[PDB]
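**Q** Numbering (the authors' numbering), first residue to last: 788 to 930.
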């Protein structure tokens, strides 16, 4: 609400730095530090090993780049699957709203118009149309 206290950023120590004063704290190559406040353009301040001090920004890397694609693991939720179906009988429509298919093509279930009618499309979205359920066979209902 106040809009103050920006979040710190993870910085990586490019090299090791020896503390010369109490304000300055020691840093070792590879040591990760968090910059909660920038002392100056040439000096940065952050926390390391539970300690706080200052060091030349030229010795650390502010939020280093990520070479990993970052798969973000996975989750059982936030998922979806399209339904599958196959025509039971050859079908030859004569209208744009009505598509055509043979007695062996796969169909993607989208939704049910009413009870005996539904909308579907061929994988890849090549064709789309409506037709009676009694003329198609379902393989897997949508979740």
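Quick reminder that beta carbons are idealized off the backbone N, C-alpha and C, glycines included.
In chain order, what residues of the same chain have a beta carbon less than 7 angstroms from the beta carbon of residue 848, not counting five sequence neighbours either side?
**A** These residues qualify, in order along the chain: 798, 799 and 801.
**Q** By Cβ distance below 8 angstroms, which residues in the same chain neighbour residue 843 in space, the five residues on each side in sequence not counted?
**A** 804, 829, 830 and 831
**Q** In the DSSP output, which residue or residues are listed as bridge partners for residue 821?
**A** The bridge partners DSSP lists for residue 821 are 797 and 834.
**Q** Where does residue 826 sit, in a helix, a strand or coil, going by DSSP?
**A** coil
**Q** For the 8 angstroms Cβ check, are there 3 or more pairs between the stretch 848-859 and the stretch 808-820?
**A** Contact fails between the stretch 848-859 and the stretch 808-820, because fewer than three Cβ pairs, one in each stretch, are under 8 angstroms apart.
**Q** Could you tell me which residues DSSP puts in a beta bridge with residue 899?
**A** In DSSP, residue 899 forms a bridge with 905.
**Q** Residue 835: buried (16+ other C-beta within 10 angstroms of its C-beta) or exposed?
**A** buried
**Q** Buried or exposed: where does residue 896 fall if 16 or more other Cβ atoms within 10 Å of its Cβ makes it buried?
**A** buried
**Q** Looking at the secondary structure, which residues open and close the beta strand (DSSP E) in which residue 915 lies?
**A** 915-919
**Q** For residue 928, does the three-state DSSP call read helix, strand or coil?
**A** coil
**Q** Can you tell me whether residue 853 is buried or exposed, with buried defined as 16 or more other CB within 10 angstroms of its CB?
**A** exposed
**Q** Looking at the strands, I want to know which residues DSSP matches up with residue 848.
**A** 799
**Q** Contact defined as beta carbons within less than 8 angstroms: I believe residue 890 pairs with residue 874. What is the distance between those atoms, to the nearest angstrom?
**A** 6 angstroms
**Q** Could you give the residue range of the beta strand (DSSP E) that holds residue 911?
**A** No beta strand (DSSP E) holds residue 911; DSSP gives it neither H nor E.
**Q** Between which two residues does the beta strand (DSSP E) carrying residue 870 extend?
**A** 870-874
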